[PDB]
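Containing TSV, C-alpha atoms and all ligand atoms: work_14.tsv.
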```
chain	number	residue	atom	x	y	z
B	1	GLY	CA	101.17	-31.42	126.14
B	2	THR	CA	103.77	-30.01	128.56
B	3	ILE	CA	103.53	-30.14	132.33
B	4	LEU	CA	105.99	-28.49	134.71
B	5	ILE	CA	106.87	-30.23	137.97
B	6	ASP	CA	108.39	-28.07	140.73
B	7	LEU	CA	111.42	-29.65	142.39
B	8	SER	CA	111.87	-29.14	146.15
B	9	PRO	CA	115.13	-27.44	147.23
B	10	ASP	CA	115.54	-30.54	149.48
B	11	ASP	CA	115.52	-32.85	146.47
B	12	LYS	CA	118.95	-34.20	145.34
B	13	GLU	CA	117.86	-33.40	141.77
B	14	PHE	CA	117.32	-29.68	142.60
B	15	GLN	CA	120.67	-29.50	144.31
B	16	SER	CA	122.69	-31.05	141.51
B	17	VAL	CA	121.04	-28.74	138.89
B	18	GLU	CA	121.67	-25.70	141.10
B	19	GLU	CA	125.29	-26.81	141.57
B	20	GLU	CA	125.81	-26.92	137.80
B	21	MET	CA	124.31	-23.40	137.45
B	22	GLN	CA	126.40	-21.74	140.16
B	23	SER	CA	129.71	-23.50	139.50
B	24	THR	CA	129.84	-22.56	135.81
B	25	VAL	CA	129.58	-18.79	136.24
B	26	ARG	CA	132.63	-17.03	134.77
B	27	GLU	CA	133.70	-13.44	134.05
B	28	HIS	CA	132.94	-12.22	130.55
B	29	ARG	CA	135.11	-10.13	128.25
B	30	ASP	CA	132.42	-7.42	127.91
B	31	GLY	CA	132.68	-6.68	131.66
B	32	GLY	CA	128.97	-7.60	132.11
B	33	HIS	CA	127.63	-5.53	129.22
B	34	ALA	CA	125.38	-8.27	127.81
B	35	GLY	CA	124.33	-10.29	130.89
B	36	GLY	CA	125.06	-8.11	133.93
B	37	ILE	CA	127.72	-7.99	136.62
B	38	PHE	CA	127.52	-11.00	139.02
B	39	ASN	CA	129.49	-13.94	140.47
B	40	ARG	CA	126.45	-16.04	141.48
B	41	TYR	CA	122.68	-16.45	141.19
B	42	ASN	CA	119.64	-16.43	143.47
B	43	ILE	CA	117.86	-19.58	142.30
B	44	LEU	CA	114.07	-19.10	142.75
B	45	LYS	CA	112.61	-22.23	141.20
B	46	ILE	CA	113.68	-25.33	139.22
B	47	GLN	CA	110.97	-27.10	137.26
B	48	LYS	CA	111.19	-30.42	135.46
B	49	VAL	CA	109.72	-30.13	131.93
B	50	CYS	CA	107.56	-33.14	131.00
B	51	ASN	CA	106.29	-33.68	127.47
B	52	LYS	CA	105.83	-37.18	126.09
B	53	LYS	CA	105.82	-36.20	122.40
B	54	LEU	CA	108.87	-33.98	122.67
B	55	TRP	CA	110.75	-36.64	124.68
B	56	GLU	CA	110.02	-39.38	122.11
B	57	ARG	CA	111.08	-36.99	119.34
B	58	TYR	CA	114.38	-36.52	121.20
B	59	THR	CA	115.11	-40.22	121.93
B	60	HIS	CA	114.24	-41.27	118.35
B	61	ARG	CA	116.79	-38.88	116.93
B	62	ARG	CA	119.30	-39.82	119.64
B	63	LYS	CA	119.19	-43.50	118.55
B	64	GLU	CA	119.78	-42.49	114.89
B	65	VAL	CA	122.80	-40.37	115.85
B	66	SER	CA	124.13	-43.07	118.19
B	67	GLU	CA	123.91	-45.61	115.37
B	68	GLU	CA	125.90	-43.33	113.06
B	69	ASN	CA	128.62	-42.79	115.71
B	70	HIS	CA	129.86	-46.14	117.09
B	71	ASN	CA	126.85	-46.41	119.42
B	72	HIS	CA	127.71	-43.11	121.09
B	73	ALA	CA	125.07	-40.36	121.25
B	74	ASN	CA	127.66	-38.08	122.94
B	75	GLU	CA	124.85	-36.70	125.13
B	76	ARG	CA	125.56	-33.61	127.32
B	77	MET	CA	123.59	-31.37	129.71
B	78	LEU	CA	124.01	-27.77	128.56
B	79	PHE	CA	122.51	-24.31	129.15
B	80	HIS	CA	120.32	-22.31	126.75
B	81	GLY	CA	119.08	-18.75	127.41
B	82	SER	CA	116.40	-17.18	125.15
B	83	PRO	CA	113.46	-14.74	125.06
B	84	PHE	CA	111.52	-17.70	123.58
B	85	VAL	CA	111.91	-20.12	126.53
B	86	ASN	CA	108.10	-20.34	126.93
B	87	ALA	CA	107.60	-21.40	123.33
B	88	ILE	CA	110.51	-23.89	123.61
B	89	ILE	CA	109.06	-25.85	126.59
B	90	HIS	CA	105.66	-26.24	124.88
B	91	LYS	CA	106.62	-26.76	121.29
B	92	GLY	CA	110.27	-27.91	121.36
B	93	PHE	CA	113.34	-26.43	119.68
B	94	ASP	CA	113.02	-25.48	115.98
B	95	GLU	CA	114.50	-23.09	113.35
B	96	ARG	CA	112.67	-20.11	114.92
B	97	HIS	CA	115.13	-20.61	117.84
B	98	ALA	CA	118.16	-20.60	115.52
B	99	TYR	CA	120.87	-17.95	115.96
B	100	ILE	CA	120.91	-17.10	112.29
B	101	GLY	CA	124.02	-14.94	112.62
B	102	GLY	CA	126.07	-16.91	115.12
B	103	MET	CA	129.76	-17.74	114.94
B	104	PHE	CA	129.37	-21.34	113.83
B	105	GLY	CA	126.47	-21.02	111.43
B	106	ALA	CA	122.69	-20.80	111.57
B	107	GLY	CA	121.95	-23.33	114.36
B	108	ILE	CA	120.74	-23.71	117.96
B	109	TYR	CA	123.46	-22.65	120.48
B	110	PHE	CA	124.23	-24.11	123.96
B	111	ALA	CA	126.92	-23.42	126.59
B	112	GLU	CA	128.80	-25.18	129.42
B	113	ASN	CA	129.00	-21.82	131.22
B	114	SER	CA	125.61	-20.84	132.61
B	115	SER	CA	126.78	-17.18	132.53
B	116	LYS	CA	127.25	-17.45	128.73
B	117	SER	CA	123.60	-18.53	128.20
B	118	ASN	CA	122.58	-15.74	130.57
B	119	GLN	CA	123.86	-13.17	128.03
B	120	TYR	CA	121.04	-14.33	125.67
B	121	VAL	CA	118.04	-14.39	128.05
B	122	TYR	CA	116.94	-10.85	127.04
B	123	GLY	CA	117.96	-11.36	123.36
B	124	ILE	CA	121.19	-11.27	121.31
B	125	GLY	CA	123.87	-9.35	123.22
B	126	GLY	CA	121.40	-8.94	126.11
B	127	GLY	CA	119.02	-7.03	123.76
B	128	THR	CA	117.70	-3.95	125.64
B	129	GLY	CA	117.78	-5.70	129.02
B	130	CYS	CA	114.86	-6.59	131.29
B	131	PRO	CA	111.35	-5.66	130.01
B	132	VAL	CA	110.54	-3.57	133.11
B	133	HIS	CA	113.70	-1.48	133.64
B	134	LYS	CA	115.57	-1.83	130.31
B	135	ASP	CA	118.51	-3.02	132.38
B	136	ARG	CA	120.84	-5.78	131.12
B	137	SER	CA	122.22	-5.92	134.66
B	138	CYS	CA	118.77	-5.95	136.41
B	139	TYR	CA	119.02	-7.49	139.94
B	140	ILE	CA	115.24	-7.33	140.43
B	141	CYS	CA	113.60	-9.00	137.45
B	142	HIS	CA	113.21	-12.82	137.30
B	143	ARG	CA	115.17	-14.51	134.51
B	144	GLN	CA	114.71	-17.99	133.12
B	145	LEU	CA	117.00	-20.34	131.32
B	146	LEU	CA	116.93	-23.96	130.21
B	147	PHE	CA	119.27	-26.76	131.31
B	148	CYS	CA	118.90	-29.13	128.35
B	149	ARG	CA	119.77	-32.70	127.30
B	150	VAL	CA	121.66	-32.34	123.97
B	151	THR	CA	122.82	-35.03	121.54
B	152	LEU	CA	126.14	-33.98	119.94
B	153	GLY	CA	127.03	-37.21	118.08
B	154	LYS	CA	130.18	-36.66	115.98
B	155	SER	CA	131.00	-33.08	116.74
B	156	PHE	CA	133.11	-30.92	114.42
B	157	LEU	CA	135.87	-29.30	116.43
B	158	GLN	CA	136.19	-25.56	115.77
B	159	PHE	CA	138.86	-23.73	117.69
B	160	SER	CA	137.81	-20.15	118.03
B	161	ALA	CA	139.64	-17.01	118.95
B	162	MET	CA	137.21	-16.62	121.92
N	1	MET	CA	118.87	-23.09	109.70
N	2	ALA	CA	122.14	-24.39	108.16
N	3	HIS	CA	123.36	-27.99	107.87
N	4	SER	CA	125.86	-29.78	110.02
N	5	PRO	CA	129.32	-30.09	108.41
N	6	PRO	CA	129.11	-33.21	106.18
N	7	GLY	CA	129.44	-36.35	108.36
N	8	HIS	CA	129.06	-34.43	111.66
N	9	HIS	CA	126.07	-33.99	113.95
N	10	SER	CA	127.01	-30.76	115.69
N	11	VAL	CA	129.79	-28.22	116.09
N	12	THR	CA	131.98	-27.69	119.16
N	13	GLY	CA	133.14	-24.13	119.57
N	14	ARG	CA	136.26	-24.48	121.68
N	15	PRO	CA	137.71	-21.16	123.01
N	16	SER	CA	141.42	-21.05	122.08
N	17	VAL	CA	142.34	-17.66	123.64
N	18	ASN	CA	140.54	-17.43	126.99
N	19	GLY	CA	141.77	-20.52	128.88
N	20	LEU	CA	138.92	-20.12	131.46
N	21	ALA	CA	135.99	-20.08	129.03
N	22	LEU	CA	134.22	-23.41	128.56
N	23	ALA	CA	132.95	-24.84	125.23
N	24	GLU	CA	129.83	-23.71	123.32
N	25	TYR	CA	127.96	-26.13	120.99
N	26	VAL	CA	125.64	-25.85	117.95
N	27	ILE	CA	123.08	-28.35	116.70
N	28	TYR	CA	121.23	-28.03	113.39
N	29	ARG	CA	118.11	-30.07	114.21
N	30	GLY	CA	115.68	-29.15	117.00
N	31	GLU	CA	115.08	-32.88	117.75
N	32	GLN	CA	118.66	-33.11	119.06
N	33	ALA	CA	117.83	-31.28	122.26
N	34	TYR	CA	115.22	-31.73	125.04
N	35	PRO	CA	114.54	-28.71	127.38
N	36	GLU	CA	114.66	-30.73	130.60
N	37	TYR	CA	114.88	-28.14	133.42
N	38	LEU	CA	113.43	-24.64	133.52
N	39	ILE	CA	115.39	-22.50	135.98
N	40	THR	CA	113.97	-19.26	137.41
N	41	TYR	CA	116.64	-17.04	139.00
N	42	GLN	CA	118.02	-13.53	139.68
N	43	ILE	CA	121.62	-12.52	139.12
N	44	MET	CA	123.16	-11.18	142.36
N	45	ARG	CA	124.98	-7.86	142.88
N	46	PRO	CA	128.53	-8.60	144.13
N	47	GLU	CA	129.34	-7.47	147.68
U	1	LIG	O1	122.21	-19.94	125.13
U	1	LIG	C1	122.36	-19.43	124.01
U	1	LIG	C2	121.24	-18.87	123.36
U	1	LIG	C3	121.45	-18.21	122.15
U	1	LIG	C4	120.45	-17.61	121.36
U	1	LIG	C5	120.88	-16.84	120.26
U	1	LIG	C6	119.94	-16.24	119.41
U	1	LIG	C7	118.57	-16.41	119.67
U	1	LIG	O2	117.69	-15.80	118.85
U	1	LIG	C8	118.13	-17.17	120.76
U	1	LIG	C9	119.07	-17.77	121.61
U	1	LIG	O3	122.71	-17.98	121.66
U	1	LIG	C10	123.82	-18.48	122.27
U	1	LIG	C11	125.07	-18.25	121.69
U	1	LIG	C12	126.22	-18.78	122.29
U	1	LIG	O4	127.45	-18.57	121.70
U	1	LIG	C13	126.11	-19.55	123.45
U	1	LIG	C14	124.82	-19.76	124.00
U	1	LIG	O5	124.66	-20.51	125.12
U	1	LIG	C15	123.65	-19.23	123.44
U	2	ZN	ZN	114.28	-5.24	135.64
```
Written as structure tokens, how would this file's structure read?
Amino acid sequence: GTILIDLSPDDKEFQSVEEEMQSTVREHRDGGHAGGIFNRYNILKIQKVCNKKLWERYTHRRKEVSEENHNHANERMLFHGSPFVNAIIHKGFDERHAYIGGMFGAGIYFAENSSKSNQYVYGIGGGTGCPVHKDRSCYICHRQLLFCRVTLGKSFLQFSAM
Amino acid sequence: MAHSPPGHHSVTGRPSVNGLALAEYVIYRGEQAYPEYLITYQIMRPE
């Protein structure tokens, strides 16, 4: 059901997505242990993910949340990095994409910092790094992450010692 | 997969120590996100 449409680097849509990626890189407290050492990315491709069924699933739930929260879906665009990105784009997010042992409970995690989601691309804590070189800081291998539309509704505020 | 705190739809993890870290968020239903853009990239070695 999913088709992927390549965006041209000349397209305003490509440029605003790339800007969000690059401008939200930060330094991490592990000194690059999990996701590598870097201040910026080489963006190779940005594809729009198009799936009618998954979109209608999303907007149906969004309306329910909005209606429970003074007509405010509290919708954000947020990053998600995962070894399962290929399953996600075809089948949608589900419990098999849950971070069972994460800080705030068994749920699906997203970040405002692209570099935070990058720590999860090769698995929890960077796993064993790229498949080819076993390198969490690989500068050669192509990585993928998702920039996702996320309905937060009424969000519980958890201050964390992070 | 856990539940949302009663009467909430998600959790906002707001870093209290590192003033430069941005927020992280958790949803408890897959239908609350749509994977809109797939981004293929390399990280770059600092110069
Ligand atoms: O982008 C994220 C992806 C994941 C993640 C965590 C565990 C999985 O099995 C798959 C993905 O965790 C995270 C945890 C965070 O605190 C922040 C994230 O952005 C993510
Ligand atoms: Zn590699």
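Counting all atoms listed in the file, residue 125 of chain B has the following residues at most 8 Å away, ignoring those fewer than 2 positions along the same chain: residues 34, 35, 119, 120, 123 and 127 of chain B.
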If you count all atoms listed in the file, which residues end up within 10 Å of ligand ZN 2 (chain U), as a ChimeraX atom specification? /B:129-143 /N:42
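Separating atom CA of residue 5 of chain N from atom CA of residue 26 of chain B is a distance of 29.6 Å.
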Please determine the contact residues of chain B with respect to chain N at a cut-off of 6 Å, counting only C-alpha atoms, and supply them as a ChimeraX atom specification. /B:38,40-49,57-58,93-95,106-112,139,142-162
Please determine an axis-aligned box that encloses all atoms of ligand LIG 1 (chain U) listed in the file, with 6 Å added on each side, and express its centre and edge lengths in Å to one decimal as JSON.
```
{"center_x": 122.6, "center_y": -18.2, "center_z": 122.0, "size_x": 21.8, "size_y": 16.7, "size_z": 18.3}
```
Separating atom CA of residue 33 of chain B from atom CA of residue 76 of chain B, to the nearest tenth of an Å, is a gap of 28.2 Å
Counting all atoms listed in the file, what are the residues of chain B within 6 Å of ligand LIG 1 (chain U), and for each of them which pair of atoms is the nearest and at what distance in Å, to one decimal? Sort the table by chain and rising number, as a Markdown table.
```
| residue | atom | partner | partner_atom | distance |
| --- | --- | --- | --- | --- |
| B:79 | CA | U:LIG1 | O5 | 5.9 |
| B:80 | CA | U:LIG1 | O1 | 3.4 |
| B:81 | CA | U:LIG1 | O1 | 4.1 |
| B:82 | CA | U:LIG1 | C9 | 4.5 |
| B:97 | CA | U:LIG1 | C8 | 5.4 |
| B:98 | CA | U:LIG1 | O2 | 5.9 |
| B:99 | CA | U:LIG1 | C6 | 4.0 |
| B:109 | CA | U:LIG1 | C15 | 4.5 |
| B:110 | CA | U:LIG1 | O5 | 3.8 |
| B:111 | CA | U:LIG1 | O5 | 4.0 |
| B:116 | CA | U:LIG1 | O5 | 5.4 |
| B:117 | CA | U:LIG1 | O1 | 3.7 |
| B:120 | CA | U:LIG1 | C2 | 5.1 |
| B:124 | CA | U:LIG1 | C6 | 5.5 |
```
Print the selection's residues with C-alpha atoms to a file, as a short mmCIF file (atom, residue, chain, number, x, y, z; two decimals), in the frame of the given file.
```
data_model
loop_
_atom_site.label_atom_id
_atom_site.label_comp_id
_atom_site.auth_asym_id
_atom_site.auth_seq_id
_atom_site.Cartn_x
_atom_site.Cartn_y
_atom_site.Cartn_z
CA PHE B 79 122.51 -24.31 129.15
CA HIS B 80 120.32 -22.31 126.75
CA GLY B 81 119.08 -18.75 127.41
CA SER B 82 116.40 -17.18 125.15
CA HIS B 97 115.13 -20.61 117.84
CA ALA B 98 118.16 -20.60 115.52
CA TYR B 99 120.87 -17.95 115.96
CA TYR B 109 123.46 -22.65 120.48
CA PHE B 110 124.23 -24.11 123.96
CA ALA B 111 126.92 -23.42 126.59
CA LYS B 116 127.25 -17.45 128.73
CA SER B 117 123.60 -18.53 128.20
CA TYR B 120 121.04 -14.33 125.67
CA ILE B 124 121.19 -11.27 121.31
#
```
Have a look at atom CA of residue 51 of chain B and atom CA of residue 7 of chain B and let me know their distance in Å, one decimal. 16.3 Å
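Nearest residue to residue 28 of chain B, choosing from B:91, B:69, B:74, B:113 and counting only C-alpha atoms: B:113.
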As a tab-separated table (two decimals), in the frame of the given file, could you write out segment 5-40 of chain N once it has been completed with N, CA and C atoms?
```
chain	number	residue	atom	x	y	z
N	5	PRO	N	128.25	-29.70	109.37
N	5	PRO	CA	129.32	-30.09	108.41
N	5	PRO	C	129.10	-31.54	107.94
N	6	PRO	N	129.32	-31.82	106.63
N	6	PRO	CA	129.11	-33.21	106.18
N	6	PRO	C	129.76	-34.25	107.11
N	7	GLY	N	129.00	-35.28	107.46
N	7	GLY	CA	129.44	-36.35	108.36
N	7	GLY	C	129.66	-35.96	109.82
N	8	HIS	N	129.06	-34.85	110.25
N	8	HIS	CA	129.06	-34.43	111.66
N	8	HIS	C	127.66	-34.18	112.12
N	9	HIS	N	127.42	-34.17	113.42
N	9	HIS	CA	126.07	-33.99	113.95
N	9	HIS	C	125.89	-32.71	114.69
N	10	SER	N	126.99	-31.99	114.90
N	10	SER	CA	127.01	-30.76	115.69
N	10	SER	C	128.36	-30.11	115.53
N	11	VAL	N	128.51	-28.90	116.07
N	11	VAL	CA	129.79	-28.22	116.09
N	11	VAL	C	130.13	-27.89	117.54
N	12	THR	N	131.42	-28.07	117.88
N	12	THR	CA	131.98	-27.69	119.16
N	12	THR	C	132.80	-26.46	118.92
N	13	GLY	N	132.36	-25.37	119.53
N	13	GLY	CA	133.14	-24.13	119.57
N	13	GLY	C	134.03	-24.13	120.79
N	14	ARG	N	135.32	-24.38	120.58
N	14	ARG	CA	136.26	-24.48	121.68
N	14	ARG	C	137.15	-23.22	121.79
N	15	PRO	N	136.91	-22.38	122.82
N	15	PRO	CA	137.71	-21.16	123.01
N	15	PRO	C	139.20	-21.47	123.05
N	16	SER	N	139.97	-20.82	122.17
N	16	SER	CA	141.42	-21.05	122.08
N	16	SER	C	142.24	-19.99	122.80
N	17	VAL	N	141.65	-18.81	123.02
N	17	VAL	CA	142.34	-17.66	123.64
N	17	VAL	C	142.13	-17.63	125.15
N	18	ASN	N	140.88	-17.44	125.57
N	18	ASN	CA	140.54	-17.43	126.99
N	18	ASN	C	140.54	-18.85	127.55
N	19	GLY	N	141.57	-19.17	128.33
N	19	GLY	CA	141.77	-20.52	128.88
N	19	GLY	C	140.75	-20.93	129.94
N	20	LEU	N	139.99	-19.95	130.45
N	20	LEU	CA	138.92	-20.12	131.46
N	20	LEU	C	137.48	-20.25	130.91
N	21	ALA	N	137.29	-19.93	129.65
N	21	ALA	CA	135.99	-20.08	129.03
N	21	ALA	C	135.78	-21.55	128.70
N	22	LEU	N	134.55	-22.04	128.92
N	22	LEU	CA	134.22	-23.41	128.56
N	22	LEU	C	133.63	-23.45	127.15
N	23	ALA	N	133.38	-24.65	126.62
N	23	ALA	CA	132.95	-24.84	125.23
N	23	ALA	C	131.51	-24.36	125.04
N	24	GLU	N	131.19	-23.98	123.79
N	24	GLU	CA	129.83	-23.71	123.32
N	24	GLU	C	129.56	-24.70	122.19
N	25	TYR	N	128.30	-25.06	121.94
N	25	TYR	CA	127.96	-26.13	120.99
N	25	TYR	C	126.76	-25.71	120.12
N	26	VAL	N	126.73	-26.19	118.88
N	26	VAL	CA	125.64	-25.85	117.95
N	26	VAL	C	125.05	-27.11	117.35
N	27	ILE	N	123.72	-27.23	117.36
N	27	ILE	CA	123.08	-28.35	116.70
N	27	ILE	C	122.26	-27.74	115.56
N	28	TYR	N	121.91	-28.54	114.58
N	28	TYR	CA	121.23	-28.03	113.39
N	28	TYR	C	119.87	-28.69	113.19
N	29	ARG	N	119.44	-29.46	114.19
N	29	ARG	CA	118.11	-30.07	114.21
N	29	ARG	C	117.52	-29.89	115.58
N	30	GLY	N	116.32	-29.32	115.69
N	30	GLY	CA	115.68	-29.15	117.00
N	30	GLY	C	115.47	-30.44	117.81
N	31	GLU	N	115.31	-31.57	117.11
N	31	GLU	CA	115.08	-32.88	117.75
N	31	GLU	C	116.29	-33.39	118.52
N	32	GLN	N	117.44	-32.74	118.34
N	32	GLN	CA	118.66	-33.11	119.06
N	32	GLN	C	118.83	-32.44	120.40
N	33	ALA	N	117.78	-31.77	120.88
N	33	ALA	CA	117.83	-31.28	122.26
N	33	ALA	C	116.44	-31.46	122.92
N	34	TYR	N	116.44	-31.65	124.23
N	34	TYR	CA	115.22	-31.73	125.04
N	34	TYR	C	115.38	-30.72	126.19
N	35	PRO	N	114.42	-29.76	126.34
N	35	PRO	CA	114.54	-28.71	127.38
N	35	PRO	C	114.11	-29.27	128.76
N	36	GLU	N	115.02	-29.95	129.43
N	36	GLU	CA	114.66	-30.73	130.60
N	36	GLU	C	114.34	-29.97	131.89
N	37	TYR	N	115.10	-28.92	132.20
N	37	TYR	CA	114.88	-28.14	133.42
N	37	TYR	C	114.71	-26.68	133.09
N	38	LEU	N	113.65	-26.08	133.64
N	38	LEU	CA	113.43	-24.64	133.52
N	38	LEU	C	113.86	-24.01	134.84
N	39	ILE	N	114.79	-23.08	134.76
N	39	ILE	CA	115.39	-22.50	135.98
N	39	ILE	C	115.05	-21.03	136.06
N	40	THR	N	114.34	-20.65	137.13
N	40	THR	CA	113.97	-19.26	137.41
N	40	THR	C	114.91	-18.72	138.48
```
